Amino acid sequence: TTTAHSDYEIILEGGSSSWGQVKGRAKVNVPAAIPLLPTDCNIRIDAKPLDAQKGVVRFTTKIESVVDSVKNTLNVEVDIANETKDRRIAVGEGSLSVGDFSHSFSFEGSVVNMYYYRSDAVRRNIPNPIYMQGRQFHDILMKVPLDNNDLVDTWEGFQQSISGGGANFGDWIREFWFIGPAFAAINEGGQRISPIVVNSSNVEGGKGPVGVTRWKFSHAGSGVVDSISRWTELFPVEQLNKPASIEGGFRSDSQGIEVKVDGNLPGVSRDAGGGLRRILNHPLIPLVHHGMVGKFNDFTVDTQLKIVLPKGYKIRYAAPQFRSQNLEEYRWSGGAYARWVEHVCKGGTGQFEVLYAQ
């Protein structure tokens, strides 16, 4: 049979905390859609508060992949802080490698989230808003040491293209940037990527010569794009009073996919009003984008979810309904929950709400 086997667990903190431990595991005997297989990847993301800096988070991520035998890596360390509810700043550094090749980088930037035409008439009438339309402006200064011949060559290639290419450069860069199926995924999610505008390009010297570029773009969304709709929520700095982490890994080939995720992080629950809390609303881009790959083989669901509430708390509402309960432990499987799992794995965004209370 083609059967998708999966297991998910959430363990929630109580009191004023929004933290939870999250676990997910899945195995399915279908090919992945990658046109190079096997393809394997591990990612780790960490965040900790910085001791001597009020509201600043040290965020790091490490990616390792193997694609048709070729080993790749990316490492990034970044300090991130809000300036206002709309404006966030970042400064960081990192490196990447592909086979025998590597390069490093450093950057700083500002991102301004701008909702379109928000109103109190909406706010006071919609208890759990989902789609929030907006545009999010990036301003980036980046630096790369030109410390091998390929880097020199690519710098020169870009300088000629920018010099010669007027508006075309920043227009046509989008199908370079969003390689492969990434480009189609933009519109799928009601997202838009603006042209790039290059403000300046300079070689400094570092050490050695460094290619320095100041550039800008914006992206927009009609409300599915969670990076815009949930801009403040997705950076839960006030809850980060200790280190948070998540890691995920998958292995895939032309006969199967297997994946594991483990994390401990703020923002797993959220205040729902009225003395209630919910599991955070499911982000929509993961569902819509995974929907672009989840429809290629028929499958049966073999899936269980366990949610462990904080001590003494109880479920107030869940739909699909839990299958069973004992004290803080609630379990879902089969029936309507299994049809919901099938639905979201194929791209559906139907709501599975879980509300609970002290």
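One rule holds for the numbers: they count along the sequence shown, beginning at 1.
Counting the deposited residues that fall between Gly170 and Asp171 and carry no coordinates gives zero. Of the two segments, 52 to 60 and 27 to 35, the one listed with the higher mean B-factor is 52 to 60 (C-alpha atoms only). The mean C-alpha temperature factor is higher for 104 to 112 when 104 to 112 and 284 to 292 are set side by side. Per the deposited coordinates, the residue with the largest Cα temperature factor out of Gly180, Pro195, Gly99, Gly221 is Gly99. When the Cα B-factors of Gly164, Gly256, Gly189, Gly134 are read from the PDB record, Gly164 comes out highest. Compared with the other modelled residues of the chain, the Cα B-factor recorded for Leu240 ranks in the highest third.
Among all modelled residues in its chain, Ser69 ranks in the highest third by Cα B-factor. Among the modelled residues of its chain, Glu247 has a C-alpha B-factor that falls in the highest third according to the deposited record. Ranked by Cα temperature factor within the chain, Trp231 sits in the lowest third according to the deposited record. Among the modelled residues of its chain, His138 has a C-alpha B-factor that falls in the lowest third according to the deposited record.
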